[PDB]
Amino acid sequence: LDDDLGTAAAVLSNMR
Amino acid sequence: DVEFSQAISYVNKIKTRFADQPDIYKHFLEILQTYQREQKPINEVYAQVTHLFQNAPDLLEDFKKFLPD
Ligand SMILES: [Br-]
Ligand SMILES: [Br-]
Ligand SMILES: [Br-]
Ligand SMILES: [Br-]
């Protein structure tokens, strides 16, 4: 839910 | 922190843009999960997201702000 959303955000925000 | 919040806002934008196509949102989520779990390189994720958002050029440009440099 907001879990899947926050999980994706954490991965996205650590690519740079 | 700010970057995390920007990522949360971006992923929410994807979720709502594809509110009637949840499979596309789900595919975006799995691209990121596969990237992490299989240690895929940035350029492969770039390729996958470019294809997924071919008809959403604004979402594609937003994605690129999270890439190195
Ligand atoms: Br979600
Ligand atoms: Br769908
Ligand atoms: Br993939
Ligand atoms: Br579409």
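Residues numbered from 1 in each chain as written, not as in the entry; some residues may be left out. Chains lettered and ligands numbered in written order. Heavy atoms only, no water.

Method of structure determination, per the deposited record: X-ray crystallography was used for this entry, reaching 1.8400 Å resolution.

Before going further, it helps to examine the interface of chain A and chain B. Facing the 12 residues of chain A at the interface are 22 residues of chain B. Of the roughly 1,500 Å² buried where chain A meets chain B, counting both sides, 74% is carbon and sulfur surface. When the area that chain A buries against chain B is broken down by residue, the three leading residues are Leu12(A), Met15(A) and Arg16(A), summing to 45%. At the boundary of chain A with chain B, the tally comes to 0 salt bridges. At the junction of chain A with chain B, the criterion picks out 2 residue pairs in polar contact. Class assignment of the residues belonging to the side of chain A that touches chain B gives a composition of 7 nonpolar, 3 polar and 2 charged. (Contact = heavy atoms within 4.5 Å. Buried area = accessible area lost by both parts, 1.4 Å probe. Salt bridge = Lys/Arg side-chain N within 4 Å of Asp/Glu carboxyl O. Polar contact = N/O pair within 3.5 Å; in protein donor to acceptor, adjacent residues only side chain to side chain. Nonpolar A, V, L, I, M, F, W, Y, C, P; charged D, E, K, R; others polar.)

Attention now moves to the environment of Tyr35(B). Tracing the backbone shows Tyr35(B) in helix α2 (residues 22-37). Remark: the alpha-carbon pair of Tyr35(B) and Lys64(B), spanning 29 residues in sequence, is separated by 15 Å. If near-sequence neighbours (up to four positions away) are discounted, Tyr35(B) is found in contact with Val11(A), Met15(A), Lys40(B), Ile42(B) and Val45(B). (Helix = DSSP H or I, 4+ residues; strand = E, 2+ residues; numbered from the N terminus.)

What follows concerns the packing of helix α3 (residues 42-52) of chain B against helix α4 (residues 57-64) of chain B. Residue and element names in this part refer to chain B. Packing of α3 against α4 brings their axes to within 9 Å, and their N-to-C directions diverge by 160 degrees. For the element pair α3 / α4, the angle class is roughly antiparallel. In the crossing of α3 with α4, the sense of the turn from one axis to the other is right-handed. Contacts between α3 and α4 involve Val45, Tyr46, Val49 and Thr50 from the first element and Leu60, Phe63 and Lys64 from the second. Class assignment of the residues belonging to the contact of α3 with α4 gives a composition of 5 nonpolar, 1 polar and 1 charged. (Axes fitted to C-alpha atoms, helices over the stretch in contact; angles between N-to-C directions. Parallel < 35°, antiparallel > 145°, perpendicular 65-115°, else oblique. Left-handed = near helix turned anticlockwise from the far one by under 90°.)

Residue and element names in this part refer to chain B. Throughout the structure, instances matching the rule amount to 4 aromatic pairs over all chains. Seen from their ring centres, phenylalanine 18 and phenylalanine 53 are 5.9 Å apart, and the 5 degrees between their planes marks the pair as stacked. With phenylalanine 18 in the loop between α1 (2-17) and α2 and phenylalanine 53 in the loop between α3 and α4, the pair connects residues that are 35 residues apart, well separated along the chain. On the basis of relative accessible area, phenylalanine 18 is assigned to the buried category, the value being 8%. Members of the aromatic cluster, connected to one another through ring pairs, are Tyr10, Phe18, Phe28, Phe53 and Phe66. (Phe/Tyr/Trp six-rings, centres within 6.5 Å; stacked < 30°, edge-to-face > 60°. Buried < 20%, exposed > 50% of the residue type's maximum accessible area, 1.4 Å probe, protein only.)

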